[PDB]
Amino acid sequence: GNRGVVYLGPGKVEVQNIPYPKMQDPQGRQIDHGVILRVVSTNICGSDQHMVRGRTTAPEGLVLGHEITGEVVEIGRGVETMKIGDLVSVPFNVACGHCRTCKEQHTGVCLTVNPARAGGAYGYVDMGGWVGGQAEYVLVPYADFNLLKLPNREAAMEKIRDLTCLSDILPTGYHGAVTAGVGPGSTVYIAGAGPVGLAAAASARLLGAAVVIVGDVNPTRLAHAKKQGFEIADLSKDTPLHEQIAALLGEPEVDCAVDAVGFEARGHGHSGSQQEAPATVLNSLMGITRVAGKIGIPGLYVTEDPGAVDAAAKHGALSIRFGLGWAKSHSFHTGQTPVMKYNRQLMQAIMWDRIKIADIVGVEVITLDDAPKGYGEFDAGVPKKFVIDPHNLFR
């Protein structure tokens, strides 16, 4: 008995029966280092949206989902730290724990788990074949390495809405803020008010930023951010970002900027916001970040976009105003979040009431049968982070 969300072509996902998990890798070799989880909570990601919209090279039939929190039901013979019944947060990265990059804390780019390229992840295009976890049950390989044990079940269940964000979005937003150099007193600009943008804004606040400005083209997502105490920039109005920031800060620049949009970026302005223009965020962040600043880029950029705007963009080439960044001495930091690097201290923050992440990103808890509908609302721009409770454990 297993089931989950399956990708079936542009705009299409459905809940299907799927195989119960097996203690083997995606090439069918047996493994001793894995566990099988009964899934407690499992979220929908903006990355999942890229795939569902037909924006990647994903195969039809892909089981989706890489934001898992779970409870051990089966343990492979080599696993030392796990017991049946243990609650765990699963980092979205599949990492081996023994290669050059895993050992150097670069668990987003594991050298062994994916025959095609460095880096692995559950239910995710080009990520080594590991089955996704928007499902009733899921296999986690290298369990001793990857898993974050949650505190006593009671206190954990009590904050599950928060803890479900440790799998992907909070550590990601956090990595965005830290690589952009955010610290106490920083002025911060955040591109994107989606779940990831909002997590970067929360992270920046937690890191002690003086002021945090969140930008989007979506007015409902900005209203959400504003109700959460952040400053906003509306990129659908005709007033340029520079001008919006200056009205707020008294200069047209920030200390730190985070790109939480990626390759489906829209342009700015009345008509610009209705046009896809994937270099937009990059170019505008070079424009607003002060000299010697750092740009953090958690937003996803791909080597291949079948639906992209032009030949160059189909192959991940953007028209980027690099001379500007260079003239401003900017440095840029990119790539999949190494979730494990931050997830334990972020847990401490949640448990100690330092960060109300669930309120901030607008967590909504849904049934597994509502998942397709959840994707639909998410696609239609709702200011929410959808959390699937597939066994009805806490809803």
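Residue indices: 1-based, along the sequence shown.
- The question of which stretch, 283 to 291 or 234 to 242, has the higher mean Cα B factor is settled in favour of 234 to 242.
- Mean C-alpha B-factor is higher over 307 to 315 than over the other stretch, the pair under comparison being 307 to 315 and 100 to 108.
- The top Cα temperature factor in the record, among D255, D259, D216, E154, falls on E154.
- Taking the deposited Cα B-factors for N93, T187, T164, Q274, the highest one is held by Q274.
- In the PDB entry, a CA B factor belonging to the highest third of its chain's modelled residues is recorded for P59.
- Placement of the Cα temperature factor of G267 within the chain: highest third of the modelled residues, per the deposited record.
- Placement of the Cα temperature factor of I31 within the chain: highest third of the modelled residues, per the deposited record.
- Compared with the other modelled residues of the chain, the Cα B-factor recorded for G325 ranks in the lowest third.
- Ranked against the other modelled residues of its chain, the C-alpha B-factor of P171 as given in the entry falls in the lowest third.
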